[PDB]
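Source file: structure15.txt (compact mmCIF, C-alpha atoms)
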# COMPACT_ATOMS: atom_id res chain seq x y z
CA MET F 1 23.79 -70.92 98.79
CA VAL F 2 22.58 -67.62 97.15
CA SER F 3 24.93 -64.63 98.06
CA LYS F 4 23.85 -61.16 99.43
CA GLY F 5 24.09 -59.21 96.13
CA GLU F 6 22.84 -62.06 93.82
CA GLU F 7 19.29 -62.09 95.36
CA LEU F 8 18.83 -58.35 94.36
CA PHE F 9 18.99 -59.36 90.63
CA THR F 10 16.62 -62.41 90.43
CA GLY F 11 13.81 -60.35 88.75
CA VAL F 12 13.46 -57.27 86.51
CA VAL F 13 15.30 -54.24 88.05
CA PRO F 14 14.71 -50.62 86.97
CA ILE F 15 17.86 -48.73 85.87
CA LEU F 16 18.70 -45.03 85.88
CA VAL F 17 21.81 -43.69 84.14
CA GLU F 18 23.14 -40.14 84.51
CA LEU F 19 26.26 -39.02 82.57
CA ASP F 20 28.06 -35.64 82.58
CA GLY F 21 30.59 -35.33 79.79
CA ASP F 22 33.15 -32.85 78.48
CA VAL F 23 34.99 -33.83 75.22
CA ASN F 24 37.42 -31.16 73.98
CA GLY F 25 35.39 -28.57 75.99
CA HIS F 26 32.03 -29.61 74.46
CA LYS F 27 29.92 -30.27 77.59
CA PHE F 28 26.94 -32.60 77.38
CA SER F 29 24.57 -34.55 79.66
CA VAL F 30 22.84 -37.89 79.06
CA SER F 31 19.97 -39.42 81.04
CA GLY F 32 18.88 -43.04 80.61
CA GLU F 33 16.00 -45.18 81.85
CA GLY F 34 15.15 -48.82 81.41
CA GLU F 35 15.35 -52.20 83.03
CA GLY F 36 17.70 -55.12 83.46
CA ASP F 37 17.02 -58.85 83.88
CA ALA F 38 20.29 -60.53 84.99
CA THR F 39 18.62 -64.00 84.70
CA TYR F 40 18.78 -63.47 80.86
CA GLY F 41 21.68 -60.95 80.77
CA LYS F 42 19.18 -58.56 79.14
CA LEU F 43 19.17 -54.72 79.27
CA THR F 44 16.58 -52.44 77.58
CA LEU F 45 17.36 -48.71 77.89
CA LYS F 46 16.61 -45.37 76.23
CA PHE F 47 19.23 -42.59 76.58
CA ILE F 48 18.47 -38.89 75.95
CA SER F 49 20.85 -35.94 75.50
CA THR F 50 19.54 -33.19 77.84
CA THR F 51 22.03 -30.65 76.25
CA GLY F 52 21.11 -30.84 72.48
CA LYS F 53 23.08 -32.66 69.73
CA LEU F 54 25.83 -34.83 71.26
CA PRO F 55 29.39 -33.72 70.25
CA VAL F 56 30.48 -37.42 69.96
CA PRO F 57 28.82 -40.46 68.32
CA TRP F 58 26.32 -42.44 70.49
CA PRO F 59 28.13 -45.76 69.74
CA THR F 60 31.28 -44.37 71.52
CA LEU F 61 29.22 -43.91 74.78
CA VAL F 62 27.65 -47.42 74.90
CA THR F 63 30.42 -49.08 76.99
CA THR F 64 30.32 -46.12 79.45
CA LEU F 65 26.50 -46.00 79.74
CA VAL F 67 25.90 -51.75 84.65
CA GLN F 68 27.84 -55.04 84.30
CA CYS F 69 25.96 -56.26 87.46
CA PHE F 70 23.22 -57.32 84.88
CA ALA F 71 25.58 -59.96 83.36
CA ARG F 72 24.09 -63.45 83.15
CA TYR F 73 26.63 -65.60 85.10
CA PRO F 74 26.23 -69.32 84.42
CA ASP F 75 25.42 -71.21 87.68
CA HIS F 76 28.94 -72.83 87.52
CA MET F 77 30.55 -69.30 87.52
CA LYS F 78 28.31 -67.49 90.13
CA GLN F 79 31.22 -67.52 92.70
CA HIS F 80 33.13 -65.25 90.13
CA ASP F 81 30.43 -62.44 89.89
CA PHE F 82 32.21 -59.45 91.51
CA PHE F 83 29.62 -56.98 90.26
CA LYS F 84 26.55 -58.34 92.11
CA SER F 85 28.68 -59.20 95.19
CA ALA F 86 29.45 -55.46 95.66
CA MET F 87 25.69 -54.59 95.88
CA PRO F 88 23.79 -52.85 97.26
CA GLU F 89 26.59 -50.45 98.41
CA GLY F 90 28.00 -50.74 94.85
CA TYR F 91 31.31 -50.19 93.03
CA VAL F 92 33.37 -47.52 91.29
CA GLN F 93 34.13 -48.31 87.66
CA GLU F 94 36.95 -46.36 85.98
CA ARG F 95 38.16 -46.57 82.36
CA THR F 96 40.53 -45.05 79.88
CA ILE F 97 39.23 -45.59 76.35
CA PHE F 98 41.95 -44.95 73.77
CA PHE F 99 40.54 -44.14 70.31
CA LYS F 100 43.22 -45.29 67.85
CA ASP F 101 44.84 -42.27 66.10
CA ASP F 102 42.50 -39.97 68.15
CA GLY F 103 41.73 -38.80 71.68
CA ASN F 104 40.81 -40.71 74.84
CA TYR F 105 37.91 -40.83 77.27
CA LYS F 106 38.52 -41.10 81.00
CA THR F 107 35.46 -42.21 82.93
CA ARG F 108 34.49 -42.61 86.60
CA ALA F 109 31.11 -44.13 87.42
CA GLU F 110 29.38 -45.10 90.66
CA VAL F 111 27.02 -48.06 90.33
CA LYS F 112 24.74 -48.68 93.33
CA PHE F 113 21.14 -49.18 94.43
CA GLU F 114 18.95 -46.20 95.33
CA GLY F 115 16.01 -48.08 96.84
CA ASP F 116 14.85 -50.60 94.19
CA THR F 117 16.54 -48.66 91.29
CA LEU F 118 20.03 -49.60 90.07
CA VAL F 119 21.79 -46.26 89.38
CA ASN F 120 24.84 -45.60 87.17
CA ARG F 121 26.27 -42.07 87.79
CA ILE F 122 29.11 -41.19 85.36
CA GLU F 123 31.69 -38.44 84.77
CA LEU F 124 33.38 -38.58 81.34
CA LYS F 125 36.32 -36.39 80.24
CA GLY F 126 37.54 -36.60 76.62
CA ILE F 127 40.81 -34.90 75.56
CA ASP F 128 43.14 -34.68 72.53
CA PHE F 129 40.44 -35.45 69.91
CA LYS F 130 40.88 -34.39 66.24
CA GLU F 131 38.30 -31.81 64.95
CA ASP F 132 37.91 -33.77 61.64
CA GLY F 133 38.48 -37.20 63.26
CA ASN F 134 35.93 -40.05 63.31
CA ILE F 135 34.59 -39.01 66.75
CA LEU F 136 34.19 -35.18 66.66
CA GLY F 137 33.39 -35.49 62.88
CA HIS F 138 30.53 -38.00 63.56
CA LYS F 139 31.88 -40.57 60.98
CA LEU F 140 30.75 -43.76 62.87
CA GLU F 141 27.90 -46.05 61.79
CA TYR F 142 24.90 -46.49 64.16
CA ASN F 143 23.82 -50.16 64.25
CA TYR F 144 25.38 -53.06 66.20
CA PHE F 145 28.68 -54.08 67.78
CA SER F 146 29.92 -56.89 70.03
CA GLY F 147 32.71 -57.06 72.62
CA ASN F 148 34.52 -59.63 74.77
CA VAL F 149 35.48 -58.05 78.11
CA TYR F 150 38.51 -59.90 79.67
CA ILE F 151 38.23 -59.72 83.48
CA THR F 152 41.04 -60.54 85.97
CA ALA F 153 41.26 -60.09 89.79
CA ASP F 154 43.10 -57.06 91.28
CA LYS F 155 43.65 -58.72 94.74
CA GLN F 156 45.64 -55.56 95.71
CA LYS F 157 42.51 -53.32 95.39
CA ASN F 158 39.88 -55.95 96.45
CA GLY F 159 38.63 -55.38 92.86
CA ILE F 160 38.92 -56.32 89.24
CA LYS F 161 40.53 -54.99 86.07
CA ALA F 162 39.45 -55.62 82.47
CA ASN F 163 40.62 -54.76 78.97
CA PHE F 164 38.98 -55.21 75.62
CA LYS F 165 38.92 -53.76 72.14
CA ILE F 166 35.77 -52.42 70.46
CA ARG F 167 35.79 -52.03 66.65
CA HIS F 168 33.37 -49.22 65.64
CA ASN F 169 32.45 -49.38 61.93
CA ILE F 170 33.19 -46.12 60.03
CA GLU F 171 30.84 -44.68 57.32
CA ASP F 172 33.60 -45.29 54.64
CA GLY F 173 33.70 -49.08 55.52
CA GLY F 174 36.79 -49.12 57.81
CA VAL F 175 37.05 -49.45 61.64
CA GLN F 176 37.66 -47.03 64.54
CA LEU F 177 39.42 -49.08 67.30
CA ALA F 178 38.59 -48.16 70.91
CA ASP F 179 41.03 -49.82 73.33
CA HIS F 180 39.41 -50.10 76.82
CA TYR F 181 41.29 -50.38 80.15
CA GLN F 182 39.03 -50.76 83.19
CA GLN F 183 39.19 -51.04 87.00
CA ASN F 184 36.37 -51.70 89.47
CA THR F 185 36.58 -51.25 93.27
CA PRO F 186 33.86 -51.82 95.84
CA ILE F 187 32.31 -48.79 97.58
CA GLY F 188 31.57 -50.83 100.73
CA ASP F 189 34.13 -52.20 103.21
CA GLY F 190 32.12 -55.46 102.81
CA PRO F 191 33.50 -58.64 101.25
CA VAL F 192 33.30 -59.19 97.49
CA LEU F 193 33.75 -62.17 95.18
CA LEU F 194 37.19 -61.89 93.44
CA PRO F 195 37.03 -63.70 90.09
CA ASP F 196 39.21 -66.15 88.18
CA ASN F 197 40.09 -65.02 84.64
CA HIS F 198 36.96 -64.96 82.45
CA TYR F 199 35.16 -62.83 79.86
CA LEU F 200 31.80 -61.15 79.42
CA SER F 201 30.34 -61.57 75.89
CA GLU F 202 28.41 -58.35 75.10
CA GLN F 203 26.12 -57.52 72.15
CA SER F 204 24.70 -54.00 71.63
CA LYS F 205 21.79 -53.25 69.21
CA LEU F 206 21.24 -49.47 68.66
CA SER F 207 17.93 -48.02 67.38
CA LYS F 208 15.83 -44.85 67.39
CA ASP F 209 12.40 -43.99 68.89
CA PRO F 210 10.42 -42.71 65.86
CA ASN F 211 8.43 -40.28 68.16
CA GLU F 212 11.52 -38.81 69.88
CA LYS F 213 12.76 -35.39 68.65
CA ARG F 214 15.62 -35.07 71.22
CA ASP F 215 19.04 -36.60 70.33
CA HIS F 216 18.72 -40.13 71.82
CA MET F 217 19.70 -43.81 71.58
CA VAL F 218 17.51 -46.88 72.21
CA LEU F 219 19.70 -49.80 73.29
CA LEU F 220 19.07 -53.56 73.60
CA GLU F 221 22.06 -55.26 75.22
CA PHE F 222 22.89 -58.86 76.12
CA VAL F 223 25.77 -59.58 78.52
CA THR F 224 26.82 -63.19 79.33
CA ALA F 225 29.82 -64.44 81.40
CA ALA F 226 31.92 -67.21 79.81
CA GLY F 227 35.25 -69.01 79.67
CA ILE F 228 35.30 -71.13 82.90

Starting from the file, lay out its structure as structure tokens.
Amino acid sequence: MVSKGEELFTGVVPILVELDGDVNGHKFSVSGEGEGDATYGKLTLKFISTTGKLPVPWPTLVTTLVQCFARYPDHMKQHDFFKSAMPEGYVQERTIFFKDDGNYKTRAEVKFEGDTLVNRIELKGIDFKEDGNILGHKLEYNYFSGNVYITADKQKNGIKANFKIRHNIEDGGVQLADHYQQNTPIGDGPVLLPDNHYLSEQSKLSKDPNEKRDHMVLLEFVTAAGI
């Protein structure tokens, strides 16, 4: 049968993202709007800095800026924690360790507000290098992929995940970003606790030619695999 949270994602859902960040005392705010179609694993969003030029590269914020839009194959739908937590939602937390640089710590609440799926985020970055790849804006702006390895956290009625993102540098090298993640339900309601699996994620970054604010247009595909 079709579960409580799964039915909320059968069509196109509007998305609203709000992020408050502070990286080495540079405060910034990002708003995002778009839509998600979990049937296809497809997200289309436009993010805007509401605080002027970002102090960190847009590609470093992509993983932080709604895994409930994953396309789960029919034969894995009993392993979709993210939709099962809806509409009450879940808390997502990460540490993102930038190799030879600082870290981001993030806390996000993902939940429905009426028909709109909302992602509300707090991001704290510390110990970054002034002339590093991040504060120095040395990362390329184009495309990256990731394989998110998800396991159950029975103890917390939730999940954990870890994955590496390789951000291309302007010189031709790579900035590694090592991600550690935990998700816990907001509700006291039951959730689906998964077997080991991965989400295959692809992120295409672009610009709106008519937009003068600092911004990122994002097309994202997210597909569950490995069962």

### Message
Using all atoms listed in the file, which protein or nucleic acid residues come within 9 Å of residue F:215? Drop anything in the same chain fewer than 2 positions from it, and give the result as a PyMOL selection string.
### Response
chain F and resi 47-54+212-213+217

### Query
Looking at all atoms listed in the file, which of F:117, F:211, F:224, F:204 is the one that sits closest to residue F:87?
F:117

### Task
Give me the residues within 9 Å of stretch 141-145 of chain F as a PyMOL selection string, counting all atoms listed in the file and dropping any in the same chain fewer than 2 places off.
chain F and resi 57-59+138-139+147+166-171+202-207

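The list of residues with at least one atom within 7 Å of residue F:96, based on only C-alpha atoms and without residues fewer than 2 positions apart in the same chain, reads residues 98, 104, 105, 106, 107, 180, 181 and 182 of chain F.
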
#### Entry: Residue contacts of residue F:1 (12 Å, all atoms listed in the file) excluding same-chain residues fewer than 6 positions away, as an MDAnalysis selection string
chainID F and resid 7 75 78:79

Using C-alpha atoms, can you write the selected residues to a file as a compact mmCIF listing (two decimals), keeping the file's coordinate frame?
# COMPACT_ATOMS: atom_id res chain seq x y z
CA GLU F 7 19.29 -62.09 95.36
CA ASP F 75 25.42 -71.21 87.68
CA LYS F 78 28.31 -67.49 90.13
CA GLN F 79 31.22 -67.52 92.70

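Pairwise distance (atom CA of residue F:129, atom CA of residue F:162) equals 23.8 Å.
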
#### Entry: For atom CA of residue F:194 and atom CA of residue F:85, the interatomic separation in Å (one decimal)
9.1 Å

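Look at residue F:44: the protein and nucleic acid residues within 6 Å of it, using only C-alpha atoms and passing over chain neighbours fewer than 6 places away, are residues 34, 35, 219 and 220 of chain F.
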
### Query
Interatomic distance between atom CA of residue F:5 and atom CA of residue F:84?
4.8 Å

Using the file's own x, y and z axes, what box holds all listed atoms of stretch 25-41 of chain F with 8 Å on each side, keeping edges along x, y and z, and what are its centre and edge lengths in Å to one decimal, as lines of an AutoDock Vina configuration file?
center_x = 25.3
center_y = -46.3
center_z = 79.7
size_x = 36.2
size_y = 51.4
size_z = 26.5

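You can rank F:187, F:160, F:38, F:223 by their closest distance to residue F:82 using all atoms listed in the file, and at the top of that list sits F:160.
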
Taking only residues of stretch 89-180 of chain F that have an atom at most 10 Å from an atom of stretch 27-30 of chain F, what is each one's shortest atom pair and its distance in Å to one decimal, using all atoms listed in the file, in chain and number order, as a tab-separated table?
residue	atom	partner	partner_atom	distance
F:122	CA	F:30	CA	9.5
F:123	CA	F:29	CA	9.6
F:124	CA	F:28	CA	9.6
F:125	CA	F:27	CA	9.2
F:126	CA	F:27	CA	10.0

Because some atoms of stretch 2-14 of chain F are absent here, can you restore N, CA, C and O atoms and send them as a CSV table (one decimal), keeping the file's coordinate frame?
chain,number,residue,atom,x,y,z
F,2,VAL,N,22.7,-68.9,98.0
F,2,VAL,CA,22.6,-67.6,97.2
F,2,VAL,C,23.1,-66.4,97.9
F,2,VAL,O,22.6,-66.1,99.0
F,3,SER,N,24.2,-65.7,97.4
F,3,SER,CA,24.9,-64.6,98.1
F,3,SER,C,24.1,-63.3,98.2
F,3,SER,O,23.0,-63.2,97.5
F,4,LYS,N,24.6,-62.4,99.0
F,4,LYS,CA,23.8,-61.2,99.4
F,4,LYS,C,23.4,-60.4,98.2
F,4,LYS,O,22.2,-60.1,98.0
F,5,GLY,N,24.4,-60.1,97.3
F,5,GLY,CA,24.1,-59.2,96.1
F,5,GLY,C,23.3,-59.9,95.1
F,5,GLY,O,22.4,-59.3,94.5
F,6,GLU,N,23.5,-61.2,94.9
F,6,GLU,CA,22.8,-62.1,93.8
F,6,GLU,C,21.3,-62.0,94.0
F,6,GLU,O,20.6,-61.9,92.9
F,7,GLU,N,20.8,-62.0,95.2
F,7,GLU,CA,19.3,-62.1,95.4
F,7,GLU,C,18.6,-60.8,94.9
F,7,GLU,O,17.5,-60.8,94.5
F,8,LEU,N,19.4,-59.7,94.8
F,8,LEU,CA,18.8,-58.4,94.4
F,8,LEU,C,18.6,-58.4,92.8
F,8,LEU,O,17.9,-57.5,92.4
F,9,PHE,N,19.1,-59.4,92.1
F,9,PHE,CA,19.0,-59.4,90.6
F,9,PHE,C,18.1,-60.5,90.1
F,9,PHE,O,18.2,-60.7,88.9
F,10,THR,N,17.4,-61.2,90.9
F,10,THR,CA,16.6,-62.4,90.4
F,10,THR,C,15.4,-62.1,89.5
F,10,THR,O,15.0,-63.0,88.8
F,11,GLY,N,14.9,-60.8,89.6
F,11,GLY,CA,13.8,-60.4,88.8
F,11,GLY,C,14.2,-59.2,87.9
F,11,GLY,O,15.4,-58.9,87.7
F,12,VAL,N,13.2,-58.4,87.4
F,12,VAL,CA,13.5,-57.3,86.5
F,12,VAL,C,13.8,-56.1,87.4
F,12,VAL,O,12.9,-55.8,88.3
F,13,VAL,N,14.9,-55.4,87.2
F,13,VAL,CA,15.3,-54.2,88.0
F,13,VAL,C,15.3,-53.0,87.2
F,13,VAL,O,15.8,-52.9,86.1
F,14,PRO,N,14.6,-51.9,87.7
F,14,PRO,CA,14.7,-50.6,87.0
F,14,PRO,C,16.1,-50.1,87.1
F,14,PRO,O,16.7,-50.2,88.1
